[PDB]
Structures are given as structure tokens and as C-alpha cells.
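Chains as they are written, first to last, in the deposited numbering: chain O2, 2 to 324; chain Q2, 2 to 292, 327 to 380; chain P2, 439 to 547; chain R2, 1217 to 1381. The beta-carbon is built from N, C-alpha and C at its ideal position, and this holds for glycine as well. Everything below concerns the one structure shown next.
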Amino acid sequence: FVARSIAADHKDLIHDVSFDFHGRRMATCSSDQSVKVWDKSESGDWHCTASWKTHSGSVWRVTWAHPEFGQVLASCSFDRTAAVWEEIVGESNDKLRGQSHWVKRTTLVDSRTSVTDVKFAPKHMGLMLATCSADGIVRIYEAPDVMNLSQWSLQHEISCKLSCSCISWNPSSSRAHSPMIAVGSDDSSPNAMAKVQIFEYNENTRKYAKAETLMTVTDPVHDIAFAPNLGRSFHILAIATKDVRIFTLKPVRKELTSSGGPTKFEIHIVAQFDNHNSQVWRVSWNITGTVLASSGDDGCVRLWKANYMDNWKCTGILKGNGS
Amino acid sequence: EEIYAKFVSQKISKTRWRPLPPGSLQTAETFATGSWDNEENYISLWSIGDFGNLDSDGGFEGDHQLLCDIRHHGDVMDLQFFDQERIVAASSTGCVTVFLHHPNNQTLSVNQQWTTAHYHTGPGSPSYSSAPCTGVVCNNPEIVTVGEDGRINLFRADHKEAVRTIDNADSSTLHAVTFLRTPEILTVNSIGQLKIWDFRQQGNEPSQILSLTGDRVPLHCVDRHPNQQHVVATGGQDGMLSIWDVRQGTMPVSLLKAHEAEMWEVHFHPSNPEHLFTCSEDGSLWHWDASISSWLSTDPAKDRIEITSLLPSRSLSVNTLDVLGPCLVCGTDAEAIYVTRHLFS
Amino acid sequence: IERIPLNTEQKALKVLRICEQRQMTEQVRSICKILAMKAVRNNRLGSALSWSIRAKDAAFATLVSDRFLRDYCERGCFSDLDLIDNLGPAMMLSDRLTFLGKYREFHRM
Amino acid sequence: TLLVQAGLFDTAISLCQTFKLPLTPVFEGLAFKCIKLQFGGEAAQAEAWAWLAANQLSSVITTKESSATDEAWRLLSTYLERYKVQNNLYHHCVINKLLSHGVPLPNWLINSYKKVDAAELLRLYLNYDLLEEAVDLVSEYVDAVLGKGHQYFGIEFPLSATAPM
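If you want it as C-alpha cells, here you go:
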């Protein structure tokens, strides 16, 4: 590995970072109530092209749409809102000096508590956006147009009976798996015997049904990620908690007697890693889902891969030196 | 004879010969290239290595020696010489840059630059968006360029501003451009048309249009016969080669298959123009001999065009060629250049 | 393959050709809609229509027609004519592109 | 009634819009052409393209992957989503016409009528002895009011001390 570095000039704690689909742009958000966009030149540099206030609370994520929907960003907040932003050519008005060409097209206000996470859907579901919040609900919004991004229809609520900290869409472009969403929980109660829940779109009811709940995840969860699918007959799911975990979720083939209800999974833990000696605060996958990254209170981002026997191990440690 | 390939560890989008002194008896000694798809793109000047010699200690000095470079901004979309020391280049940034060689130093420099020659617009503020400048043609002291913005510009090597601009000469991309006569140009587009423009006319609309019949073959390249200002050759998105007489209706006179892909350049030989050359996204490079000018026969099963693949294999894409006297050069996505000193042996 | 930076239409043709050779048809639709959306954000309506035709997306072809039909009323004339005359068989990609083509045919008539 | 038997349903709907007449015979007769198609041999599918074309489905480029039953079900879906102002009566009509012929309800139709009345559907399921579909419809309705997709049952707000009752 080799590193380049950038002074980020956020005026309080940064909470998140996210790439565009091409890795040519990146977004970052802060407790100073700002979002920033930074763009990668045809010289290998990176420059801050927009730096504006997004919300009234601390901003807890930032995320991009797929570029067949153009140049669209979403951000979630401690003020209980989420907001949708579009980059516009030629609108930038000197009549209102120091506003952005990233314009807010809408604000979502439906959450009764801090909005803890926000994720755009896989593009073959259309222009869909999911959020979750500490009222113990996941909300999913559905745009009827790709240009009039002021209008977003709320078309799915999902009550978890527990608080929500993070969410992950299943990246299956294959029509042989239903649309699915996994949900993590910050709940510190000893009464809730499981902190991860998984929901499935059942077209026969048009509901997001529950399929599963991970009864081995007794401990609070901070982040969650499905692995990009190299044709696999089974899903892979990373979780950030007191340790790192990697689960397999293999669909049980229904017999021709099992009408109405959702699918069910043959589920394993393939790996569980304490090695952070501390809590885990993000989990994100490489583009092919073969390498996991995770961070913790040890000041290390740690890299994890399968060997040729699917025995997952730590492969690298990216850590600060403090010089 | 055999062809001297060289890896240069950058993809080459464009190659051009240095223009020879009028009334000299030299071969083409020097060429220029431009690169694309790197973390850093460049424009470079090269000499052809001398395969005629060995000295006592046995070293192979026959390499295509690098004379000097300069770093570019964006991808080098198109490239042309302007005189015997100056060069012009286009860019993915919509910039157009004039450069100068320094023979007493072996360096390149900028000479002049139009950093906003091509750009896309938007509703009511000058926050313009980058539009790739796609092609450049010179008529010293004058210069013309095209782009994704559908803009035509006329620039000058003594002037800093545009001498004329024509925004939205198409609603699609314009790919390439050539001079029919000094105020009179021809452009090609995403639709499968040749549009002709006269800078004497006080409207912005085209003086004439030509096309294929109905179905859209985008036309990526164009050239115009050295001693026939009415004969034009174009290359398609399919790998077809179309010869036109711009005086005789709306269609090509002659239609030939040249490749299994997108044809990226077409050139008539600068002294021998009953000879033609073409390159493509099918990984091949061809010579064509036809010695009415034979290119305008409506039956190529009576009158001849005899046709040779110059490369002994198919590579990654051949983006470009240039040919001067007996010398020919081409440039590729295989991070490589190919050169011969002799095409007639 | 969809994550290659598409700086120019020429680079995007090489990537489309690679996907079309290999029958990667939803990636062909994706890249053609990314190019149609590059063109719509830059208001280059001829590239926007030609790329939505290569994507074969009838909603995107309708949406670009619902720029040309407003761009007409915002001027008294279209920003292109030759692009609307040479629609050929691709006119039939939606009812609104069939109207745009037959409205230019009505001007030509 | 004559246009409905010919299958000229969109001009019958146009005549209902000039004479105030109820669309109920149009929805019942289109459902009855779908029932004739759903048990129909090759002749009844050749008969169908002639009246399907007369209802101007012309935005559908002809794939080789659907048939005369399916484009008739699609037209009936389009009409039940186009004419929203009275939509109980037209879902009630179509579903009563299917159940009186023993035809199972399409998943697009069940999960369209839920956004209109799940109680008028439950009355129909009791009127037609569909007791297990009634048990799971009630199971979904109780879970809708409890915030497991309230919006699929038309419900604006799930059970909360911050909302309508």
C-alpha cells in the first residue's frame, strides 16, 4: 500500500466518508452541520468543489446514488431528518452569495428520533432510498421521477420492535433472490436476545416481511454490510459489534407445499474476530466482496480475506504511527 | 520491410510527423505523440532510431529516441503540427493548447492556451461544465476545433480570444473537422452526417449537409484528398469507409468495408493520394492502393483497390496513424508505437 | 466494468463495445443511461436521445421528448431538426417520441 | 353493454364520461373477457388480439414472452389504476366476478385492493369461504396497523399516541 493525504477543514468531528461509483468523487460530513464534496483531477490530485451546511443536527452518514440517476447525494441527521441533494450545472446564483450548486431538492421528516443511517437501493429496484432511526423503524422512500427529486413517496415502513443503528441492502442483481435489507441495533438492553434483523420483499403480499434474526448477535451493533455477489448461491454478511463477524446466508429451496410466506436460510458463522481488542465501528467490502475492511478503538483499519479453503483470516493492518 | 515496434509505457491516442522543409530531400526524421487514460498524460517528440550502424562495442542505438516531453491536462484527444516548431492539441478538459519545441534546448513549452475553448452550459449562471474537445485542424495562422458541446470555434496563432464561435452546430457530439477551402470547413457527428460550414456566412446554420440513408452510423474521422478539394473520406462506428464528392447530392459515391469496428483515423497519402491508410478498435491497420480518381469508381469489382494489413497480428486498439514520404507511424492502447522508415519495400 | 471513468463519449464507446461483445446487456443499458444523463445534465439533447435509444429505455426516451417539446415552446423552434427527421425505426421507442417524430414530419409536410 | 360485449372498453369508458354512467359493466365485462381467456384455447387468444388492439395498448413493443391472457390482465390492471376516484366498486366488481367463476385473484390485484379496502376484501373472502386467505389477510391487517407496512393497507399512520385513531 501507499498513502496520499488531505487536510479536511471540517470544524468539528467527521462522522462518515463515501466514494462515488467511479471513485472520482468523495463526500464527507460533520458535527459542524456541513457536507463537503471533493473531486479527483486529470492530474491525480483531489480538490474541495463544494462545502455547505446540510442540516441542523450532527450529520451521521453521507451516501451517493448510482450514476444512471445522475449526481445525487443523501445525508441523515440528529435533528431527526434526512435530505436529498442534486448537483446542477449553471444554477449557481450570485444573488445568494455562498450557496452551493449542490441544491437540496427535498427533506424527509418522518423519523421521530435521530436518523442513524441512510442508503440508496441497488438500481434495479429503481430510485429507492432507505433510512433508519432510534424509534426502532426502517423507512424506505421511492421517487416517481428521476428529475423532480423534490417528490419522494414513502412506500415502506418496517418496525423492528428494537432501536436501529445501521442498515444494508442485499446487492443481488439476480432475479432469483427477492429484494432484502439487513438491520443492526444499538440497544444496550439484556432483554433483546438478538441485535440483527433481516427483511425480505414478498411480492405475493407486497410486504417487506421478516425472514430472519441472528440469535448469536446478543451484543450491540454499530455497522452492517452484505458482500457484492460473484454469482454465489449464498449471501455473505459482515457485522461490526464487540468483535468482527462474517455470516453466510444460504436460501433453503422451498418444497412445492410451502406457499404464501417468505424464504428461510441455512445460516453459519464463518468467522468471528476479537483482534481489535476493542469495539468495531465500520464494516465495508471491496467491489467483488472478497476482502472486508473494519476499524476499532485500536486505531487500526484491519483487512480480512478468505484463503483458498474459505478459512477467513486477517491479511493487513493499516494504522497510524503518530509522526 | 520489417516494422519497428516500441513500448512507451503510456497508451498513445495520437501520432503526427514533423512537417519537412519545402524543397528538402530528407525522409521524415521526427514525430510527435499524445497519450490518454493514464494518471498523467503527456505530449512527446521522438526521432526514428538508426538501424544502419554498429560501433566497436556492439550497442544497439536503433531505438526511437525521446527528444523531449511536456505534461498535458486531460486526455490528448487530437494533435497537429502548426509550423516546423509549433504543435496544437485538444483535451478532455475542453482546453486547446499550442506548444513550442526548443531545438537549442531539447524542451517543449506552452506557446498559447484556450482553457475554456469547449464547455457545456446550464440555466442562467456562467458555472460551465467540461466538454471534451474532440478534433483540431490548422490553416496557419488560423485554427478550428470541435467537441461534445457541439461547438465550432475559429482561433488564431496571433490572437487570444475566439475569432468566431458557433455553439450548438449539433445537439450531439461533433467528432472531427477538416478544411475544404480556407473559410470553408466540414465536420462529422453522432448522427452519421457530414455538415459543411462557411465562416463568410453571417448565420450560424450549415451551408450544406450530407448523410447516410436513415440508419445512424456515427462518423468518427474525416480527411479530404490533397489534390481534390471536393473528395472526402470518412470512417464509421461499424468499420465502413465512405468516399464522398461533396458536389454530387447528399450520399457517398463509394462505400467499402475496412474493419470489424469503429475506424479511428483515415488519411490520403500526402504526395501519393491514390493511396489511403486506416486504423481501428478491431486492432488492425491497413494500406490501400488504387493506381476518374479510383476512389470515385461506383464499381470496385471492375476498377481496383488492392488492400494490405500492415500489422502482422491484431493488437489492442490502433487509435491513430501518420504517413510522410516512405515513413509510416501508428499508436495503440497496448502502451506502444509502431514505426517504419520504408512502406514500399 | 460500469466503474470505468467515462470522461469522453469515445472512451465510453470502447467500454460499450466490450460489454456488447460479451452480451453484458444490463451494463450496456447502465452505461447508455449514464451517458444519456451526462447529456441531460449538460442539456445536449441529441446525445441524450441517441444514448437513451442505445439503452432502449422508453421512459428516458419519453423524458428527452419532454425536453424537446418544451424547448420548442421556450423558443418557437427546436434545438435540432436533422436528429428528429433521421429517427427512422427508433421513432417507435415511445408514444411521445412517435409524436416528436410525427410533429417534425408534420413540419416537413 | 354492446361495446362491452364487442370489447371496445375505452370508448365505453368515454361514453360513461359524456353521460355520467357507472363504469361497473365495463370492469365486469373486461374481467369476464379475462375469465374467457384464462380458460381459452388458441382461437379465444386469436379473438383477443383484435379487441386488445382496439383498446390501444400501443406503447408495448411486442416481446415474444407474454400472451393474450397476460396483456388482458395488464389492461384490466391499468384501468383499475387509471380510474381511482371510485376504486372500491371496481375492485369489488372484478373480484366478485372472479370468485363467482372460481378464479384465483392475481397478486397484483389483491395487493392493489389492500390500498382501498381490506374489510370489503374480507367480506368477499367470507362470502366465498376463503377462510385461510381470510386468516392471513387479518394477520397482515393487524400487522399493518402495528407498523409492519401500514402503507400497503392504505393506512396513513400506525397505532400511535401522536396520530388519528
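Note down the Cα distance separating residue i from residue j, rounded to an integer number of angstroms.
i	j	result
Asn-354 (chain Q2)	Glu-370 (chain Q2)	11 Å
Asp-10 (chain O2)	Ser-93 (chain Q2)	30 Å
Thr-132 (chain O2)	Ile-225 (chain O2)	14 Å
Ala-163 (chain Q2)	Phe-200 (chain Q2)	13 Å
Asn-94 (chain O2)	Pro-124 (chain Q2)	10 Å
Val-119 (chain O2)	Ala-83 (chain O2)	8 Å
residue 324 (chain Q2)	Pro-133 (chain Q2)	Between 292 and 327 in chain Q2 the model has nothing, and residue 324 (chain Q2) is one of the residues in that span.
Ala-170 (chain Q2)	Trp-115 (chain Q2)	20 Å
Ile-138 (chain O2)	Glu-158 (chain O2)	7 Å
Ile-327 (chain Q2)	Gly-63 (chain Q2)	43 Å
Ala-177 (chain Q2)	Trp-330 (chain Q2)	21 Å
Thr-217 (chain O2)	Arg-534 (chain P2)	55 Å
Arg-152 (chain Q2)	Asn-205 (chain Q2)	11 Å
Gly-75 (chain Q2)	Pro-253 (chain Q2)	35 Å
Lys-12 (chain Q2)	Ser-36 (chain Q2)	5 Å
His-73 (chain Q2)	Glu-41 (chain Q2)	8 Å
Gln-249 (chain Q2)	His-231 (chain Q2)	10 Å
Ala-4 (chain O2)	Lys-124 (chain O2)	32 Å
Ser-76 (chain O2)	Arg-140 (chain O2)	14 Å
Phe-121 (chain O2)	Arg-505 (chain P2)	27 Å
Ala-1260 (chain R2)	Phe-235 (chain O2)	44 Å
Between which two residues does the beta strand (DSSP E) carrying residue i extend?
i	result
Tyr-129 (chain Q2)	Taken as a continuous stretch (DSSP letters only), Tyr-129 (chain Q2) belongs to no beta strand (DSSP E), as it is neither H nor E.
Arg-505 (chain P2)	Run containing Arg-505 (chain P2): none in the beta strand (DSSP E); it sits in the alpha helix (DSSP H), 496 to 511.
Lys-196 (chain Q2)	194 to 199
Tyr-373 (chain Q2)	371 to 375
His-16 (chain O2)	15 to 20
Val-218 (chain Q2)	Where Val-218 (chain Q2) is concerned, there is no enclosing beta strand (DSSP E), given that its DSSP letter is neither H nor E.
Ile-13 (chain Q2)	12 to 18
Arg-106 (chain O2)	103 to 109
For the alpha helix (DSSP H) holding residue i, just list the boundary residues, first then last.
i	result
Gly-539 (chain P2)	533 to 546
residue 1390 (chain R2)	With chain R2 running from 1217 to 1381 in the structure shown, residue 1390 (chain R2) is simply not present.
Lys-449 (chain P2)	447 to 459
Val-1310 (chain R2)	1303 to 1315
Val-466 (chain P2)	463 to 479
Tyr-1329 (chain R2)	1323 to 1329
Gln-152 (chain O2)	Note, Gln-152 (chain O2): premise wrong, no alpha helix (DSSP H); not H, not E.
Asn-1343 (chain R2)	1334 to 1343
For residue i, which residues in the same chain have their Cβ closer than 6 Å to its Cβ, ignoring the five residues on either side in sequence?
i	result
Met-181 (chain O2)	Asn-171, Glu-201
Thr-179 (chain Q2)	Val-138, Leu-187, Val-223, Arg-225
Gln-198 (chain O2)	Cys-161, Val-184, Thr-214
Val-1310 (chain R2)	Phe-1243, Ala-1247
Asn-1303 (chain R2)	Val-1332
Please list, in chain order, all residues of the same chain as residue i whose beta carbon is under 8 Å from its beta carbon, the five residues on each side excluded.
i	result
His-48 (chain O2)	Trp-39, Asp-40, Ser-42
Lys-208 (chain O2)	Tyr-202
Please work out which residues of its chain come closer than 7 Å, Cβ to Cβ, to residue i, disregarding the five sequence neighbours upstream and downstream, and give them in chain order.
i	result
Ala-496 (chain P2)	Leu-531, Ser-532
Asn-112 (chain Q2)	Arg-87, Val-99, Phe-100, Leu-101
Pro-207 (chain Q2)	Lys-196, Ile-197, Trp-198
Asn-1343 (chain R2)	none
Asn-278 (chain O2)	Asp-299
task: Could you tell me whether the segment 1309 to 1320 of chain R2 touches the segment 1347 to 1363 of chain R2, where touching means 3 or more Cβ pairs closer than 8 Å?
output: no
Residues of the segment 1272 to 1285 of chain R2 whose Cβ lies closer than 9 Å to any Cβ of chain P2, in chain order: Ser-1274, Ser-1275, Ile-1277
query: Of the residues that make up the segment 121 to 147 of chain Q2, which ones have a beta carbon closer than 7 Å to any beta carbon in chain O2?
result: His-121, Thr-122, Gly-123, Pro-124, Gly-125, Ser-126, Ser-128, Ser-130
Proximal residues, the segment 198 to 219 of chain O2 versus chain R2, C-beta separation under 7 Å: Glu-204, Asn-205, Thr-206, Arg-207, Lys-208, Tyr-209
- prompt: Which of the residues in the segment 175 to 198 of chain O2, read from start to end, lie with their CB under 9 Å from any CB of chain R2?
  reply: none
message: Count Cβ pairs between the segment 295 to 314 of chain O2 and the segment 270 to 287 of chain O2 that sit closer than 8 Å; are there 3 or more?
response: yes
- request: Spell out a yes or no on whether the segment 130 to 150 of chain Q2 and the segment 79 to 99 of chain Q2 are touching, meaning 3 or more CB-CB pairs, one atom from each, closer than 8 Å.
  value: yes
- request: Anything in the segment 1349 to 1373 of chain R2 with a Cβ closer than 7 Å to a Cβ of chain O2? List those residues in chain order, please.
  value: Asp-1352, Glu-1356, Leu-1362, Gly-1363, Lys-1364, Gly-1365, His-1366, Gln-1367, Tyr-1368
message: If the cut-off is 7 Å on Cβ atoms, which residues from the segment 132 to 156 of chain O2 count as contacting chain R2, listed in chain order?
response: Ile-138, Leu-155, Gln-156
message: Three Cβ pairs or more, each shorter than 8 Å: is that satisfied between the segment 206 to 220 of chain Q2 and the segment 520 to 531 of chain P2?
response: yes
field: Meets three-Cβ-pair contact criterion under 8 Å: the segment 345 to 354 of chain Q2 and the segment 94 to 107 of chain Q2
entry: Counting C-beta pairs closer than 8 Å gives fewer than three between the segment 345 to 354 of chain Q2 and the segment 94 to 107 of chain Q2, which falls short of the contact rule.
- request: Decide if the segment 460 to 479 of chain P2 is in contact with the segment 267 to 276 of chain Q2; the criterion is three or more beta carbon pairs, one per stretch, under 8 Å apart.
  value: no
message: Under 7 Å, CB to CB, which of the residues in the segment 1296 to 1312 of chain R2 have a partner in chain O2?
response: Correct list: empty, as no residue qualifies.
- prompt: Does the segment 305 to 316 of chain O2 come close enough to the segment 16 to 23 of chain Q2 that 3 or more CB-CB pairs lie under 8 Å?
  reply: no
- prompt: If you pair each beta-carbon of the segment 148 to 167 of chain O2 with each one of the segment 219 to 233 of chain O2, do three or more pairs fall below 8 Å?
  reply: yes
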